[PDB]
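In each ligand, atom 1 is the first atom listed, and ligand 1 is the first ligand listed. Chain identifiers are assigned alphabetically (A, B, ...) following the order of the sequence lines, protein sequences preceding nucleic acid strands; residue numbering begins at 1 within each chain. As a basis for the values below, the full set of heavy atoms in this structure was taken, side chains included, without hydrogen atoms, waters or symmetry mates.
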Amino acid sequence: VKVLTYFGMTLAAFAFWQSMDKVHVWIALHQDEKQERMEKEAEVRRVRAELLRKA
Amino acid sequence: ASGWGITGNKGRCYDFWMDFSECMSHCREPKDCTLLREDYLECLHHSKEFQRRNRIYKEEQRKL
Amino acid sequence: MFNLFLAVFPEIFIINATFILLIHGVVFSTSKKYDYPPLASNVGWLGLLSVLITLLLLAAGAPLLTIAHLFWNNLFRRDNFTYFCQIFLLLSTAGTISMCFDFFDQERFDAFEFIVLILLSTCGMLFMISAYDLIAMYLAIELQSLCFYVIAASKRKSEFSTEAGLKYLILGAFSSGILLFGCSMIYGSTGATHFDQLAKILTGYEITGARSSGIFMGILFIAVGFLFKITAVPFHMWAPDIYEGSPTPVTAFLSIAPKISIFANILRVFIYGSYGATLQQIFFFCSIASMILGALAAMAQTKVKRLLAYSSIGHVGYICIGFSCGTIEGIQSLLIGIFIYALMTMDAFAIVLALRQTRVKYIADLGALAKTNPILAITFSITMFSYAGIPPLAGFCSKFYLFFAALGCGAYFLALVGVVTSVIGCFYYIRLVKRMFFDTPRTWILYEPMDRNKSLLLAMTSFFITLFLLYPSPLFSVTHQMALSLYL
Amino acid sequence: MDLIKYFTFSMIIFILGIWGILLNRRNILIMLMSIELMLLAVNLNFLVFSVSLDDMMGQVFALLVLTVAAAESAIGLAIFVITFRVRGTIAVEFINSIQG
Amino acid sequence: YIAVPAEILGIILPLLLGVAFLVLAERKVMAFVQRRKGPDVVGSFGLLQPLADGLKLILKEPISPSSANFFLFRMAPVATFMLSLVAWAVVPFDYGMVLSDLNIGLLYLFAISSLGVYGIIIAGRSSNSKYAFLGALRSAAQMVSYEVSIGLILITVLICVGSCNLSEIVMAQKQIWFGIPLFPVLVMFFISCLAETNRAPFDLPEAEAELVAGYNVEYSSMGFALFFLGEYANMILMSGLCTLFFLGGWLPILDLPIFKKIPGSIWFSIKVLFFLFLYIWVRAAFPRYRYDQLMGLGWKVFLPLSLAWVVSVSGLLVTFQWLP
Amino acid sequence: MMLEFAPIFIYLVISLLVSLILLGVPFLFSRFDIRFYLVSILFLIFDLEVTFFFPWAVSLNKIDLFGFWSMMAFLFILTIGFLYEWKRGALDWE
Amino acid sequence: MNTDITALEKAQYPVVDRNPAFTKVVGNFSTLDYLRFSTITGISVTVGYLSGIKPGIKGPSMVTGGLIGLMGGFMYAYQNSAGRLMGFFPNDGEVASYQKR
Amino acid sequence: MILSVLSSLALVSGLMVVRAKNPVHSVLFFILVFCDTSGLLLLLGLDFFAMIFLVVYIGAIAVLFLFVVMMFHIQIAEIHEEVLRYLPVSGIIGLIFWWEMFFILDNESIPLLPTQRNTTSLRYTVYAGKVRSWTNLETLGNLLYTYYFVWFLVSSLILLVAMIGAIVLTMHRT
Ligand SMILES: CCCCCCCCCCCCCCCCCC(=O)OC[C@H](COP(=O)([O-])OCC(O)COP(=O)([O-])OC[C@@H](COC(=O)CCCCCCCCCCCCCCCCC)OC(=O)CCCCCCCCCCCCCCCCC)OC(=O)CCCCCCCCCCCCCCCCC
Ligand SMILES: CCCCCCCCCCCCCCCCCC(=O)OC[C@H](COP(=O)([O-])OCC(O)COP(=O)([O-])OC[C@@H](COC(=O)CCCCCCCCCCCCCCCCC)OC(=O)CCCCCCCCCCCCCCCCC)OC(=O)CCCCCCCCCCCCCCCCC
Ligand SMILES: C[C@@H]1CC[C@@]2(OC1)O[C@H]1C[C@H]3[C@@H]4CC=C5C[C@@H](OCCC(CO[C@H]6O[C@H](CO)[C@@H](O[C@H]7O[C@H](CO)[C@@H](O)[C@H](O)[C@H]7O)[C@H](O)[C@H]6O)CO[C@H]6O[C@H](CO)[C@@H](O[C@H]7O[C@H](CO)[C@@H](O)[C@H](O)[C@H]7O)[C@H](O)[C@H]6O)CC[C@]5(C)[C@H]4CC[C@]3(C)[C@H]1[C@@H]2C
Ligand SMILES: CCCCCCCCCCCCCCCCCC(=O)O[C@@H](COC(=O)CCCCCCCCCCCCCCC)COP(=O)(O)OCC[N+](C)(C)C
Ligand SMILES: CCCCCCCCCCCCCCCCCC(=O)O[C@@H](COC(=O)CCCCCCCCCCCCCCC)COP(=O)(O)OC[C@H](O)CO
Ligand SMILES: CCCCCCCCCCCCCCCCCCCC(=O)O[C@H](COC(=O)CCCCCCCCCCCCCC)COP(=O)(O)OCCN
Ligand SMILES: COC1=C(OC)C(=O)C(C/C=C(\C)CC/C=C(\C)CC/C=C(/C)CC/C=C(\C)CCC=C(C)C)=C(C)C1=O
């Protein structure tokens, strides 16, 4: 490739990695909500299992 | 788990590993060693520590 | 200090003998005085001797192999299971070598390095069986694989042999990279590579909601590498091309020993470890796919080698059904299937090697064999019927267990697939018998009689195949012993 | 964020190897090069984990994996050489005679 | 860090001057052996000759032949020149006189040496000339062959020292210079250095009269000058490495106050000058090997001897417990 | 500490700049020989030998006799390979 | 180097010497050990001779086979003698010699 | 940021490995990838591995690849093909691998979000481990030859296989 082409590809890749950083921050910020959803679903599943075991 | 540290001393998480292994070596149910196991894994990845600190940062960003 | 090394006496001996043979071969193959003699047969006989002495050392020192187990613990683990697996591996290597001398002298394959590479790969498989850590397992697998890559390309002026080697190296390296990635993910997630540590960490949790995706994908990638190694569908297509393109003694060796070694590895990794139902489902689906594809593709084949390759793929499907069901009887049946398939494959390749002296290639080349060599046509027919699983031949055990597990694990689609694929297999196995006994071709091929080594090996394997079910107790007891020794 | 950044670096190398397999159907030399790329990515994975976990096992295995990579490349290039010598060409249409 | 570039320039610029005058010194010594005068017209005693030659080279039009490897053709001399320059970052001239006090400095030098082959290979391939390509292949093979012996000799020194730090390697010779007990190892190292720098009697690229075209035959103007400068800087570096590993670097000959008066940098310089003189002297004294003969020497003589010296030194030091 | 590597990077940048200046100022006014593959293979093997020698050489004071003999066994295997290459003519360029 | 001879499966016979020295094990060689040694070596020499005839190197082939057989037979005899002294193999002779000296 | 720069260089150089029309160019870009990898290793404090990656990957393996590829003199017609028709299959396979495999550590290794507070003061220093620090080299050498010597020797066997195979497959003695 042209030298300038390689440099421009490198700039685009740098932008991609900064975007990936933003994605990682987003994923980290949503740990608590994911835990809450997991807990609510676990409670629902446990209640269903206990209720069906009653019979 | 090996105990060989990268700077020539006992590995950071090796005492937790050994407590967990010694627990499991005589407890016939692994659920009795759950706490020690999650302590070992917390030492490897610091997941709960970082999650709690991120909660603190979140509340700071919410109250500002 | 010296007595600690009693745990590795067998391996030390075979490695040292291999070095001695390498030096002997290179010194006298280059000798002008002796007019550069071919040394493939001389080194082959000396290496058969070395394998038998290794077997003696290992079998007669059963307790001593467990000496200094704490000192050796972070390197390997020797027990009853590894004991019997290694003995079987050495026996298979000895038989395969014994089948090679007519090939050496009549083709004039003079390369003694062939024998050295076989011996080094045997060393690698020995270390594979006793591996008790992901690192050791990978290293031993790689040693074995590199030896196979080289010997698959041994006919270096042949288009077929060079093609086989190229396909093998590329696909083998790819699968090895996938397996190594899985190993790295497991280490990163658990901080451990020793099998004991992995067992302790993974037991009691499997997928308890908060499942380590790192652990789950490490297991998956390792399983993909293992399935490539056992030629399970869809990681199988290397096997038929490599089996056909390699020199026939190479094909015979690849058909048996690596399966024993890798199944020992699979047992000790998965069975002894813990992610669980996911992985048994992996092997379940791959077993069904392997049975179906092997049956159909074998039905398509017109050449003997390709037919045997696809037959082996189908049979590894049958065997993996036992691993899937996850019971002591499942493991025992897997071991019984491996042993019986190995003996049958040795019989079949002894016949194939005998017929390669007249360049057998097509199934139709067997025409009128019941006339030109009646006892050979009968012997080959017994092998085919055993492959088909017709009772009371030894091959019936694998069919019986396949259906026993289908009604034991509770799987009726599996039973239906087994019925259909068994009937397809019987058809393409009895097609060979029809070619040797029923056909009246215009042109016959007259085959040169086999050497003493292959006749004796064929005679013993043919008595075993016909008469095993009269006295099957030792195999049953030893396989139950091994299945139990995995956990106790 | 260090550990996620070090891991995604090695991960892009691994995905690039996979893509090189996918995009090079007429070029098996590049296929070999893509396999080396995957092996390099795995080696990097062991080294990063060794530091993160404060454990030496990742480092021992990394050295041994380098040995395996070297032997693999040597044997693979020998097989490439002999294939080329037999055919006079490296084109994929001359290594497709085994089939079915 | 703001003053780091000043230190780097204080290394690089005097080094380039030293190379320019090493060329002149080679010409002078060669002439004096040959009963003639070298350059003595351009400047007094010929001392302005290097500046004139460099000026001529920069004022020469570049050619850049119509090849399909336009970028690679010009980048190869840049690569070899930069590699010749960067090895000096870890070279200590006296106690504390070093740019980078690398703990892994020995292996770093080995890595730089291993990287040196690419400039020659790429120059040969990119030049679109079968003769240049063949010559480059032969030169590259020779360099990689002698790199093995260089590495094993490095290991021998490392066993004696117990550290890859070049300054520590020097200070471990306070009791005795390593060149005294390991004198055959030093001779082996010097010969391997000759072969590794493509110098006589191993100078294949100089054998145009022998129907062996060099890898840089298609180069003109400053690409050719870059190749030449990198080669001579590497000669100076090999002399410096011989001084560091076996002649005790900046240390005086005898631990006496009379010798300790003169600074360590002067000791180091004098030893380096001795080795450069030996480079020139050897070029003046002997004919050259054929390629096949020197390859045979590399693999059949120097490798076995280097490995044997590794085994003997390690075994002796382990036996009597004299390890560092 | 990795602090000492920073001057090396700045040195590389400066050396590159000097290279560009020197090179850019004048712009103002089908015969495969297997023996090269074989020498490459031999260099690869002994390159890894040196690689494995480095930690051993710095660790001799701690590993004592066991480490010495383990490295000796390593070298014995590799030297058997070298003898094989020597006998087969891989080291002859005539 | 820390060492530990302790085996996974305990010895089923009296332990005359837990970790016998090399020379003690060799001096413990019985007549049966020497018979095993000599048989293995002789078979190996015979195989070397017979397999060496066709290439024309029967002498050197005998030497190579004999080296392999010597090493294997010595390892086998050592295995048996050490296992007897350690109590892993039936060791009536070792126990009798131990209860007297 | 620095890891962003090195990862961008590695990404572009790797794409050049897998997409350059000339295989000699592919080998040269491969060499750039190993240089960037060495930079990462220096960031991790593993200077021995950083140097060994140069010595072995670039100094020996890449040299072997370059010698072989250069003497092959491959014509582009033999290995050319248009890759525009692969964009979808690479899109699905890449994305699935991307979505699964770039984020596999996120649930186990949750990142610490950098806050507007100086956490550097909470770094606890233990001087006991700093009295006699070990290099990466000596930490590795403490283990290779004694506690894990069997794996070391098996690697030697692997290299011996490489030597034998190289001779047997390619040697044509004059
Ligand atoms: C604080 C930092 C400050 C930094 C300041 C410096 C910043 C520089 C910015 C420059 C960007 C703007 C450029 C503006 C335009 C300039 C005008 C112009 O282009 O005319 C130039 C003109 C060619 O321009 P062109 O018109 O574009 O033609 C291009 C092709 O002809 C087209 O033909 P083609 O299509 O057929 O392509 C074939 C291919 C040729 O085939 C190839 O394979 C290309 C070569 C690539 C691999 C070669 C190296 C590996 C080989 C081994 C070498 C030895 C290894 C060991 C020694 C080195 C290791 C340290 O050509 C290419 O692909 C060229 C692509 C270049 C990629 C490689 C360079 C990037 C290296 C990474 C740099 C890292 C820092 C920069 C980034 C910083 C973060 C953003 O001529 C020259 O370039 C002069 C030649 C001298 C070049 C010397 C460069 C160094 C060489 C030696 C070192 C080798 C290793 C590289 C460094 C390694 C670091 C560890
Ligand atoms: C304000 C300051 C102003 C002053 C400073 C200004 C400085 C100048 C600007 C910098 C340079 C830009 C211009 C480049 C040179 C153009 C001039 C020219 O003559 O080019 C001729 C060039 C002809 O190619 P050649 O060099 O002569 O080589 C011919 C043969 O191919 C040679 O054969 P070969 O064997 O060597 O190579 C084989 C093959 C090589 O095959 C390839 O290289 C593959 C080509 C496709 C590349 C795909 C993307 C690769 C980059 C990585 C990006 C992340 C990927 C993540 C994927 C993993 C995720 C799962 O060749 C090709 O296919 C050539 C295709 C080149 C197309 C490159 C297109 C790059 C993608 C751009 C996407 C833009 C999206 C922006 C946002 C990105 C998302 C964050 O044609 C072009 O004009 C294309 C180049 C122009 C676009 C590329 C540069 C993009 C830079 C965008 C600006 C940065 C935005 C982000 C800023 C972030 C700030 C925070
Ligand atoms: C022979 C041939 C030739 C070719 C070749 O070899 C082969 O030649 C070889 C030559 C090689 C180069 C050699 C050298 C380098 C430099 C290196 O670059 C250093 C970067 C490291 C060091 O940087 C700082 O390190 C210290 C700070 O850390 C500074 O100390 C201060 O701070 C102390 C504490 O208060 C005080 O006590 C002190 O008094 C006070 O001075 C110190 O001055 C400074 O140097 C790492 O730093 C980063 O890392 C941080 C962590 O990730 C990042 O943090 C960020 O993320 C965090 C969350 O994660 C957030 O919390 C943060 O807020 C947020 O900022 C951040 O990006 C950044 O700091 C990058 C690699 C490279 C280029 C090599 C490339 C490859 C070669 C070309 C080889 C090539 C192949
Ligand atoms: C019931 C089982 C389930 C169903 C499967 C049946 C499988 C067979 C299919 C049956 C259909 C008919 C089969 C016909 C075969 C009978 C003919 C036959 O095999 O005769 C052989 C005989 O084949 C054998 O050699 C069989 C030997 C097997 C030995 C088994 C007996 C073990 C104990 C016997 C002890 C020795 C003999 C004692 C008395 C002297 C002769 O072979 P040729 O190739 O004709 O010539 C041989 C060369 N020469 C005569 C010169 C030596
Ligand atoms: C080019 C040179 C070739 C050299 C070839 C000759 C040497 C090859 C190596 C042969 C093995 C050792 C032979 C030397 C005998 C003397 C051994 C000795 O002196 O005993 C020492 C112990 O020596 C050993 O035990 C090391 C044996 C080396 C391992 C050789 C491998 C043998 C088989 C291994 C099986 C693993 C499978 C092999 C995989 C391929 C005593 O040390 P220590 O117990 O007092 O303390 C330990 C140490 O000082 C502190 O760390
Ligand atoms: C279980 C079912 C029932 C089985 C019944 C078993 C009964 C026991 C077997 C009885 C054997 C009867 C025959 C005994 C006399 C034959 C003696 C052979 C004489 C001999 O020296 O043969 C040599 C060849 O070696 C050879 O030919 C021998 C090697 C042949 C292979 C034997 C196995 C070796 C490897 C072990 C494989 C194990 C596989 C298990 C998976 C030379 O012969 P020559 O002088 O005619 O000249 C050949 C031209 N070169
Ligand atoms: C006769 O018509 C035709 C087809 O139709 C049979 C075709 O396909 C194609 C071409 C397209 C193909 C062959 C794509 C199919 C490829 C696949 C699925 C890749 C996997 C490879 C193999 C050998 C399949 C093995 C995998 C199986 C059996 C299942 C996977 C595993 C488990 C469930 C555990 C053409 C031209 C065609 O003309």
Margin query: Looking at every non-hydrogen atom in both residues, tell me the closest pair between C:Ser130 and C:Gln86 and how far apart they are.
Written below: OG-NE2, 3.9 Å
Next item on the list: Starting from atom 2 (C) of ligand 5, locate the nearest protein heavy atom and write down its residue, its atom name and how far away it is, to 0.1 Å.
Entry: F:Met72 O, 4.2 Å
Check: Quick one: nearest non-hydrogen protein atom to atom 90 (C) of ligand 2, plus distance?
Finding: A:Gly8 O, 3.7 Å
Margin query: I'd like to know whether the aromatic ring centres of A:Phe14 and A:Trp17 sit less than 6.0 Å apart in this structure.
Written below: no
Notebook entry, point to check: Which residue holds the protein heavy atom closest to atom 49 (C) of ligand 2, what is that atom called, and what is the gap in Å?
Noted result: H:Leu15 CD1, 4.8 Å
Next item on the list: Select one of side chain, backbone, both or neither to describe which atoms of H:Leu157 lie under 4.0 Å from any atom of ligand 5, heavy atoms only.
Entry: side chain
Margin query: Considering only residues two or more places apart or on different chains, which pairs with a residue in residues 14-23 of chain A satisfy salt bridge (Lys or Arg N to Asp or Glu O under 4.0 Å)?
Written below: A:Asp21-D:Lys5
Check: Near H:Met101 CE, under 6.0 Å, is it more than 12 heavy atoms from other residues, nucleotides or ligands?
Finding: yes
Item checked: Top protein contact for atom 32 (C) of ligand 5, by heavy-atom distance -> C:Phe5 CE2, 4.1 Å
Next item on the list: Can you pull out the closest protein heavy atom to atom 7 (C) of ligand 2? Residue, atom name and distance to 0.1 Å, please.
Entry: A:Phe7 CE2, 4.1 Å
Margin query: At less than 4.0 angstrom from any non-hydrogen atom of A:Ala12, what atoms of ligand 2 do you find?
Written below: 80 (C)
Checklist line | Heavy atom of protein inside 4.0 Å of atom 4 (C) of ligand 5, strictly below | finding: yes
Checklist line | Atoms in ligand 7 with a heavy atom of C:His236 nearer than 4.0 Å | finding: 23 (C)
Notebook entry, point to check: What protein heavy atom sits nearest atom 11 (C) of ligand 2, and how far off is it?
Noted result: A:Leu4 O, 3.4 Å
Checklist line | Where ligand 5 meets F:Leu65 - atom numbers and elements under 4.0 angstrom, heavy-atom basis | finding: 42 (O), 48 (C), 49 (O)
Notebook entry, point to check: To the nearest 0.1 Å, how far is atom 47 (C) of ligand 2 from its closest protein heavy atom, and which atom is that?
Noted result: A:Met9 SD, 4.3 Å
Notebook entry, point to check: Has ligand 2 got any nitrogen or oxygen that is less than 3.5 angstrom from a nitrogen or oxygen of H:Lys21?
Noted result: yes
Margin query: Against ligand 5, does E:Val311 come closer than 4.0 Å with any heavy atom?
Written below: no
Notebook entry, point to check: Is at least one protein non-hydrogen atom found at under 4.0 angstrom from atom 17 (C) of ligand 2?
Noted result: no
Note to self: Please list the nearest protein heavy atom to atom 63 (O) of ligand 2 with its residue and the distance rounded to 0.1 Å.
What the structure shows: H:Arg19 NH1, 4.5 Å
Next item on the list: Considering only non-hydrogen protein atoms, determine which one is nearest to atom 82 (C) of ligand 2 and report residue, atom name and distance to 0.1 Å.
Entry: A:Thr5 OG1, 4.8 Å
Notebook entry, point to check: Got the closest protein heavy atom to atom 43 (P) of ligand 5, with its distance?
Noted result: C:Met1 CE, 4.4 Å
Checklist line | Identity and separation of the nearest protein heavy atom to atom 39 (C) of ligand 5 | finding: H:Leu153 CB, 3.7 Å
Checklist line | Pairs flagged by side-chain hydrogen bond (donor to acceptor under 3.5 Å, both in side chains) wherever residues 227-238 of chain C is involved - sequence neighbours left out | finding: C:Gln144-C:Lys229, C:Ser145-C:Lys229, C:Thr231-C:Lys259
Next item on the list: Measure from atom 51 (O) of ligand 5 to the protein's non-hydrogen atoms and state whether any distance is below 4.0 Å.
Entry: yes
Next item on the list: Check ligand 5 against F:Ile63 and write out every atom of the ligand that is under 4.0 Å from a heavy-atom position of the residue.
Entry: 48 (C), 50 (C), 51 (O)
Checklist line | Short N-O contact, H:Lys21 and H:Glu81, less than 4.0 angstrom | finding: no
Check: So is A:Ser19 polar-close to ligand 2, meaning N/O to N/O under 3.5 Å?
Finding: no
Item checked: Shortest heavy-atom approach to atom 54 (C) of ligand 2 - which of H:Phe29, H:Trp99, H:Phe102, A:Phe16 -> A:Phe16
Checklist line | Aromatic centroids of C:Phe5 and C:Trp72 separated by under 6.0 Å | finding: yes
Margin query: If you take the nearest heavy atom of each of C:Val233, C:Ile282, C:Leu227, which one is closest to atom 28 (C) of ligand 7?
Written below: C:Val233
Next item on the list: Give a yes/no verdict on whether any heavy atom in F:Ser70 is under 4.0 Å from an atom of ligand 5.
Entry: yes
Check: Would you say the ring centroid of H:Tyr145 lies under 6.0 angstrom from that of F:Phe66?
Finding: no
Check: Heavy atom under 4.0 Å from ligand 5: found in C:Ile12's side chain, backbone, both, or neither?
Finding: side chain
Checklist line | F:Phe74/F:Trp56 aromatic ring centres below 6.0 Å | finding: no
Check: Nearest protein heavy-atom contact for atom 30 (C) of ligand 5: which residue, which atom, what distance?
Finding: F:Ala73 CB, 4.0 Å
Checklist line | atom 6 (C) of ligand 5: nearest protein contact (heavy atom, Å) | finding: F:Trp69 CZ3, 4.6 Å
Item checked: Verify atom 45 (O) of ligand 5: protein non-hydrogen atom under 4.0 angstrom away -> no
Check: Are any side-chain N or O atoms of C:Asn3 and backbone N or O atoms of G:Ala21, one a donor and one an acceptor, separated by less than 3.5 Å?
Finding: no
Check: Among protein heavy atoms, which lies nearest atom 28 (O) of ligand 2, and at what distance?
Finding: A:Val1 CA, 3.4 Å
Note to self: Taking a cutoff of less than 4.0 Å between a non-hydrogen atom of the residue and any ligand atom, is H:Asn22 in contact with ligand 2?
What the structure shows: no
Item checked: Proximal candidate to atom 53 (C) of ligand 2 [heavy atom criterion; set H:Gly94, A:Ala13, H:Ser26] -> A:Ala13
Check: Who's the nearest protein heavy-atom neighbour of atom 29 (C) of ligand 5, and how far?
Finding: H:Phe149 CE1, 3.9 Å
Notebook entry, point to check: Is atom 32 (C) of ligand 2 less than 4.0 angstrom from some protein heavy atom?
Noted result: yes
Notebook entry, point to check: Within a distance of under 4.0 Å, is there any protein heavy atom near atom 98 (C) of ligand 2?
Noted result: yes
Note to self: Any atom of ligand 5 sitting under 4.0 Å from a heavy atom of C:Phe127?
What the structure shows: yes
Notebook entry, point to check: What protein heavy atom is closest to atom 48 (C) of ligand 5, reported as residue, atom name and distance in Å?
Noted result: F:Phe66 N, 3.2 Å
Notebook entry, point to check: If you measure from atom 40 (C) of ligand 2 to every heavy atom of A:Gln18, A:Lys2, H:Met16, which option wins on shortest distance?
Noted result: H:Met16
